[PDB]
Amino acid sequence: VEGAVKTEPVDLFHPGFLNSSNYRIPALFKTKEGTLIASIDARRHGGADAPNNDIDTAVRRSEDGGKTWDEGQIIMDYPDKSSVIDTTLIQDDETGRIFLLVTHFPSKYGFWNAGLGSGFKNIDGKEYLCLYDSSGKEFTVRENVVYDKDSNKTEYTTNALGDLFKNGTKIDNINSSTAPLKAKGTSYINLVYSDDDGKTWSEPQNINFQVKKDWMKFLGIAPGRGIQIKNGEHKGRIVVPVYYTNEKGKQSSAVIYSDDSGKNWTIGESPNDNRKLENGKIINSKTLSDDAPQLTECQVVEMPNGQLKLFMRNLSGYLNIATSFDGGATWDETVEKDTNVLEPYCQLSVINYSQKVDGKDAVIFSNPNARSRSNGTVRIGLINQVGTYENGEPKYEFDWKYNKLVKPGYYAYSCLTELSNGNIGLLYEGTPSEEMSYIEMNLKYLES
């Protein structure tokens, strides 16, 4: 229609960019300064997930609203088929600090073979990363100095990247397939941060000891973005979607969050914890033994009063939505199924939109509207309160009033952002693992 804007796709990542043959897993965010940051997996050996690859994290920035982008940089790169996989972006408005979190695996590990627990051990009241030698003896890293099982200092030290130094000389890396001391083979949550609007990034902080329980096998970032709560008593809380497997391998969503500007993180309960299934069975994420109720990658948005809604990949064929009244610490027992929104078992993106649409608060949603990763569709969901829960909290529901096909053919993972001009930016997998496409759309287009 007249005045509709949908830009022609640009390949923001593609084979050869930064000398990476493949790319997957978009994250896209507009900073407080108005800069766009796009992060992605630079999959170096093909498109496959860990452990069958060597994956680094790449970032591009735009200072002109997505019209032009910088030359990119690799910000995390582990050796020898140790991979960082699945990024997410969020910023603390108070401090201006931008966070990027990602899942990390040592060489040979990935989602399906991750070992149990955090990979840390408590010694005398502090958690220390464990290392193992060829005989299986256990060592700890205490302030980057390696101690043996009898608390004798060894000749080894580490750094935040896992480099392993013998008397100060680098000899290997604890994440490789060859090191004399290796980390536990499991997932780790890494966090890096930027205080200069994404130009430079810290080295990784391994926060597994704060967020990963002893019964979780995988715990990973659910890629895309986080939020910082705007309304109510949890205002300022930084909320990052995640998901994990239990000892039986079954997946449940949750969020990690920080009330102290990213210094410390905690994991909330899953919506699968004390979840009441359709006909009344009660499950929990620690004991879940069936495939059907699994809840996996997810993204979160905030309601007008501060209530959270967690939108989740799942096995029902349709979108599932959980509700939290306590800032992501727990969820209502009922997970809603929205049969207006097909969900083919793929990541989705949902964001708050800053302006009213048709007099209502709104969200913007992106996923493949199909029974496969195709027919990429962007929706505007209007929020309406429809009475209250038994506990008196407002009950909010979405009206998917506007729905627009933006990508015929292949469409997999995606990430939205609102732009400074009020339009919507979208970075999406329009190929399995090669070109990642960026478009800008206005509301007139989305409503057409």
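Numbers for residues come from their place in the sequence shown, where the first is 1.
### Task
Read off the CA B-factors in the entry, average them over 66 to 74 and over 375 to 383, and name the higher stretch.
Between 66 to 74 and 375 to 383, it is 66 to 74.
### Query
Should the higher mean CA B-factor in the entry be assigned to 420 to 428 or to 21 to 29?
Between 420 to 428 and 21 to 29, it is 420 to 428.
### Query
Out of 39, 53, 414, 388, which shows the largest CA B-factor listed in the entry?
Comparing C-alpha B-factors across 39, 53, 414, 388, the top value belongs to 388.
### Message
Just to confirm, going by the entry's C-alpha B-factors, which of 83, 178, 134, 285 comes out highest?
### Response
Answer for 83, 178, 134, 285: 134, with the highest C-alpha B-factor.
### Relative C-alpha B-factor of residue 149, binned into the chain's lowest, middle or highest third
It belongs to the highest third of the chain when residues are ordered by C-alpha B-factor.
### Task
Classify residue 107 as lowest, middle or highest third according to the C-alpha B-factor given in the PDB entry, relative to its own chain.
Within its chain, residue 107 is a lowest-third residue by C-alpha B-factor, going by the deposited values.
### Message
What third of the chain does residue 342 rank in for C-alpha temperature factor, lowest, middle or highest?
### Response
Middle third of the chain for residue 342's C-alpha B-factor.
### Message
Among the modelled residues of this chain, does the Cα B factor of residue 139 put it in the lowest, middle or highest third?
### Response
Ranked within chain, residue 139 CA B lands in the middle tercile.
### Query
Compared with the other modelled residues in the chain, in which third is the CA B-factor of residue 43?
Bottom third by C-alpha B-factor.
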